[PDB]
Amino acid sequence: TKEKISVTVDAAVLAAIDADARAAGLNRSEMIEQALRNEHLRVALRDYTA
Amino acid sequence: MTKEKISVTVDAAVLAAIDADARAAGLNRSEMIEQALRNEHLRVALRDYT
(Lines give C-alpha, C1' and ligand atoms only; values in the text may rest on other atoms or scores of the structure.)
Protein backbone atom coordinates (compact mmCIF):
# COMPACT_ATOMS: atom_id res chain seq x y z
CA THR A 1 0.00 0.00 0.00
CA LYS A 2 1.31 3.41 -1.04
CA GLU A 3 0.04 6.93 -0.43
CA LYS A 4 0.29 9.87 -2.78
CA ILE A 5 0.94 13.02 -0.81
CA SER A 6 1.86 16.63 -1.32
CA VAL A 7 4.87 18.20 0.41
CA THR A 8 6.71 21.52 0.30
CA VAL A 9 10.49 21.35 0.32
CA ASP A 10 13.55 23.53 -0.35
CA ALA A 11 14.20 23.63 -4.11
CA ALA A 12 17.95 23.14 -3.71
CA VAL A 13 17.41 20.08 -1.52
CA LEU A 14 15.03 18.70 -4.14
CA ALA A 15 17.58 19.07 -6.97
CA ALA A 16 20.19 17.27 -4.90
CA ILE A 17 17.81 14.41 -4.11
CA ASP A 18 16.89 14.16 -7.81
CA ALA A 19 20.60 13.75 -8.61
CA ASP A 20 21.03 11.09 -5.90
CA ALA A 21 18.02 9.31 -7.41
CA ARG A 22 19.61 9.34 -10.86
CA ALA A 23 22.92 7.98 -9.51
CA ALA A 24 21.09 5.04 -7.94
CA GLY A 25 18.76 4.22 -10.85
CA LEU A 26 15.75 5.36 -8.81
CA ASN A 27 12.92 7.75 -9.43
CA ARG A 28 12.22 10.66 -7.10
CA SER A 29 9.57 8.84 -5.01
CA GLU A 30 11.83 5.81 -4.39
CA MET A 31 14.79 8.01 -3.34
CA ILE A 32 12.58 10.04 -1.02
CA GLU A 33 11.24 6.81 0.50
CA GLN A 34 14.81 5.66 1.13
CA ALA A 35 15.53 9.01 2.85
CA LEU A 36 12.41 8.67 5.03
CA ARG A 37 13.17 5.06 6.00
CA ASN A 38 16.72 6.03 6.97
CA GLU A 39 15.70 9.22 8.79
CA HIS A 40 13.45 7.10 11.02
CA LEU A 41 16.66 5.39 12.20
CA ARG A 42 18.71 8.59 12.38
CA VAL A 43 16.30 10.36 14.74
CA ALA A 44 16.90 7.53 17.23
CA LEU A 45 20.67 8.23 17.31
CA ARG A 46 21.84 9.57 20.65
CA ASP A 47 24.54 11.73 22.18
CA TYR A 48 25.57 10.85 25.70
CA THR A 49 26.53 13.84 27.91
CA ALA A 50 27.92 14.56 31.40
CA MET B 1 15.65 30.27 -0.81
CA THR B 2 12.67 28.92 -2.71
CA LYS B 3 10.51 25.96 -1.72
CA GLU B 4 8.69 23.79 -4.25
CA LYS B 5 5.43 21.92 -3.71
CA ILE B 6 5.61 18.39 -5.09
CA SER B 7 3.66 15.18 -4.99
CA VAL B 8 5.35 11.91 -4.08
CA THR B 9 4.17 8.34 -3.72
CA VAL B 10 5.48 6.51 -0.69
CA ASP B 11 5.06 3.29 1.32
CA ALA B 12 2.23 3.78 3.84
CA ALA B 13 4.22 2.24 6.70
CA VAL B 14 7.22 4.47 5.93
CA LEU B 15 4.98 7.53 5.90
CA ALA B 16 3.30 6.61 9.22
CA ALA B 17 6.69 6.21 10.91
CA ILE B 18 8.03 9.58 9.72
CA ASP B 19 4.72 11.27 10.66
CA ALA B 20 5.19 9.80 14.15
CA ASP B 21 8.74 11.16 14.27
CA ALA B 22 7.49 14.56 13.11
CA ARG B 23 4.98 14.69 15.96
CA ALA B 24 7.67 13.71 18.46
CA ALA B 25 9.92 16.46 17.12
CA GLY B 26 7.16 19.06 16.96
CA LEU B 27 7.60 19.45 13.18
CA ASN B 28 5.00 19.29 10.40
CA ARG B 29 5.27 16.66 7.67
CA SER B 30 7.05 18.90 5.15
CA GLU B 31 9.68 20.04 7.69
CA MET B 32 10.47 16.49 8.74
CA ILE B 33 10.65 15.27 5.16
CA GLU B 34 13.03 18.10 4.29
CA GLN B 35 15.19 17.12 7.26
CA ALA B 36 15.18 13.52 5.99
CA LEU B 37 16.26 14.65 2.52
CA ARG B 38 19.04 16.95 3.77
CA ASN B 39 20.50 14.16 5.90
CA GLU B 40 20.13 11.52 3.23
CA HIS B 41 21.87 13.72 0.66
CA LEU B 42 24.89 14.07 2.96
CA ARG B 43 24.79 10.33 3.65
CA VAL B 44 24.89 9.49 -0.06
CA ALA B 45 27.64 12.06 -0.74
CA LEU B 46 29.85 10.51 1.94
CA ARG B 47 28.97 6.98 0.77
CA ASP B 48 29.91 7.67 -2.86
CA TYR B 49 33.03 9.69 -2.00
CA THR B 50 34.61 6.82 -0.06
# chains A, B, ... in the order shown; residues from 1 in each chain; ligands from 1
>>> interface_residues(of="chain B", to="chain A", cutoff="8 Å", atoms="only C-alpha atoms", output="MDAnalysis selection string")
chainID B and resid 1:12 14:15 17:18 21 29:31 33:34 36:41 44
>>> write_last_selection(atoms="N, CA and C atoms", output="JSON list (two decimals), in the first residue's frame")
[["chain", "number", "residue", "atom", "x", "y", "z"],
["B", 1, "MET", "N", 15.84, 31.61, -0.26],
["B", 1, "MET", "CA", 15.65, 30.27, -0.81],
["B", 1, "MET", "C", 14.20, 30.01, -1.18],
["B", 2, "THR", "N", 14.00, 29.24, -2.24],
["B", 2, "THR", "CA", 12.67, 28.92, -2.71],
["B", 2, "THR", "C", 12.28, 27.49, -2.34],
["B", 3, "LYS", "N", 11.03, 27.29, -1.95],
["B", 3, "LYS", "CA", 10.51, 25.96, -1.72],
["B", 3, "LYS", "C", 9.57, 25.58, -2.85],
["B", 4, "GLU", "N", 9.55, 24.30, -3.19],
["B", 4, "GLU", "CA", 8.69, 23.79, -4.25],
["B", 4, "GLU", "C", 7.70, 22.78, -3.69],
["B", 5, "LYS", "N", 6.46, 22.85, -4.16],
["B", 5, "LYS", "CA", 5.43, 21.92, -3.71],
["B", 5, "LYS", "C", 5.35, 20.77, -4.70],
["B", 6, "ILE", "N", 5.59, 19.55, -4.21],
["B", 6, "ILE", "CA", 5.61, 18.39, -5.09],
["B", 6, "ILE", "C", 4.68, 17.31, -4.59],
["B", 7, "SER", "N", 4.41, 16.33, -5.43],
["B", 7, "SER", "CA", 3.66, 15.18, -4.99],
["B", 7, "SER", "C", 4.56, 13.96, -5.11],
["B", 8, "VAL", "N", 4.54, 13.12, -4.08],
["B", 8, "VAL", "CA", 5.35, 11.91, -4.08],
["B", 8, "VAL", "C", 4.50, 10.73, -3.64],
["B", 9, "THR", "N", 4.91, 9.55, -4.04],
["B", 9, "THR", "CA", 4.17, 8.34, -3.72],
["B", 9, "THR", "C", 5.04, 7.47, -2.84],
["B", 10, "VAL", "N", 4.61, 7.22, -1.61],
["B", 10, "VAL", "CA", 5.48, 6.51, -0.69],
["B", 10, "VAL", "C", 4.76, 5.40, 0.08],
["B", 11, "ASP", "N", 5.53, 4.38, 0.47],
["B", 11, "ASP", "CA", 5.06, 3.29, 1.32],
["B", 11, "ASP", "C", 4.29, 3.82, 2.53],
["B", 12, "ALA", "N", 3.09, 3.29, 2.76],
["B", 12, "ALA", "CA", 2.23, 3.78, 3.84],
["B", 12, "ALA", "C", 2.85, 3.60, 5.23],
["B", 14, "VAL", "N", 6.11, 3.52, 5.83],
["B", 14, "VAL", "CA", 7.22, 4.47, 5.93],
["B", 14, "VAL", "C", 6.67, 5.85, 6.28],
["B", 15, "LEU", "N", 5.55, 6.22, 5.67],
["B", 15, "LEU", "CA", 4.98, 7.53, 5.90],
["B", 15, "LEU", "C", 4.46, 7.67, 7.34],
["B", 17, "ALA", "N", 5.56, 6.12, 9.99],
["B", 17, "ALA", "CA", 6.69, 6.21, 10.91],
["B", 17, "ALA", "C", 7.28, 7.62, 10.94],
["B", 18, "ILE", "N", 7.42, 8.25, 9.77],
["B", 18, "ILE", "CA", 8.03, 9.58, 9.72],
["B", 18, "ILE", "C", 7.05, 10.63, 10.27],
["B", 21, "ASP", "N", 7.51, 10.46, 13.92],
["B", 21, "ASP", "CA", 8.74, 11.16, 14.27],
["B", 21, "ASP", "C", 8.55, 12.67, 14.23],
["B", 29, "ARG", "N", 4.81, 17.72, 8.55],
["B", 29, "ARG", "CA", 5.27, 16.66, 7.67],
["B", 29, "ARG", "C", 6.34, 17.15, 6.69],
["B", 30, "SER", "N", 6.11, 18.33, 6.11],
["B", 30, "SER", "CA", 7.05, 18.90, 5.15],
["B", 30, "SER", "C", 8.42, 19.19, 5.78],
["B", 31, "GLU", "N", 8.43, 19.73, 6.99],
["B", 31, "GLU", "CA", 9.68, 20.04, 7.69],
["B", 31, "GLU", "C", 10.48, 18.78, 7.98],
["B", 33, "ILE", "N", 10.24, 15.89, 6.41],
["B", 33, "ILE", "CA", 10.65, 15.27, 5.16],
["B", 33, "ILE", "C", 11.87, 16.01, 4.62],
["B", 34, "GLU", "N", 11.86, 17.33, 4.72],
["B", 34, "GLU", "CA", 13.03, 18.10, 4.29],
["B", 34, "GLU", "C", 14.27, 17.75, 5.11],
["B", 36, "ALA", "N", 14.80, 14.84, 6.52],
["B", 36, "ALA", "CA", 15.18, 13.52, 5.99],
["B", 36, "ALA", "C", 16.01, 13.64, 4.71],
["B", 37, "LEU", "N", 15.57, 14.49, 3.81],
["B", 37, "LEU", "CA", 16.26, 14.65, 2.52],
["B", 37, "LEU", "C", 17.65, 15.28, 2.67],
["B", 38, "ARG", "N", 17.74, 16.33, 3.48],
["B", 38, "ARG", "CA", 19.04, 16.95, 3.77],
["B", 38, "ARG", "C", 20.04, 15.93, 4.31],
["B", 39, "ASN", "N", 19.62, 15.16, 5.31],
["B", 39, "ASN", "CA", 20.50, 14.16, 5.90],
["B", 39, "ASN", "C", 20.81, 13.04, 4.94],
["B", 40, "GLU", "N", 19.84, 12.63, 4.14],
["B", 40, "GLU", "CA", 20.13, 11.52, 3.23],
["B", 40, "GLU", "C", 21.09, 11.98, 2.13],
["B", 41, "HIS", "N", 20.96, 13.23, 1.69],
["B", 41, "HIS", "CA", 21.87, 13.72, 0.66],
["B", 41, "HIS", "C", 23.32, 13.67, 1.16],
["B", 44, "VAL", "N", 24.54, 10.03, 1.26],
["B", 44, "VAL", "CA", 24.89, 9.49, -0.06],
["B", 44, "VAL", "C", 26.20, 10.10, -0.57]]
>>> atom_distance(atom1="atom CA of residue B:28", atom2="atom CA of residue B:45")
26.2 Å
>>> atom_distance(atom1="atom CA of residue A:26", atom2="atom CA of residue B:22")
25.2 Å
>>> select_by_dssp(residues="chain B", states="helix (DSSP H, G or I)", output="number ranges by chain")
B: 12-25, 29-49
>>> select_by_dssp(residues="chain A", states="strand (DSSP E)", output="PyMOL selection string")
chain A and resi 2-10
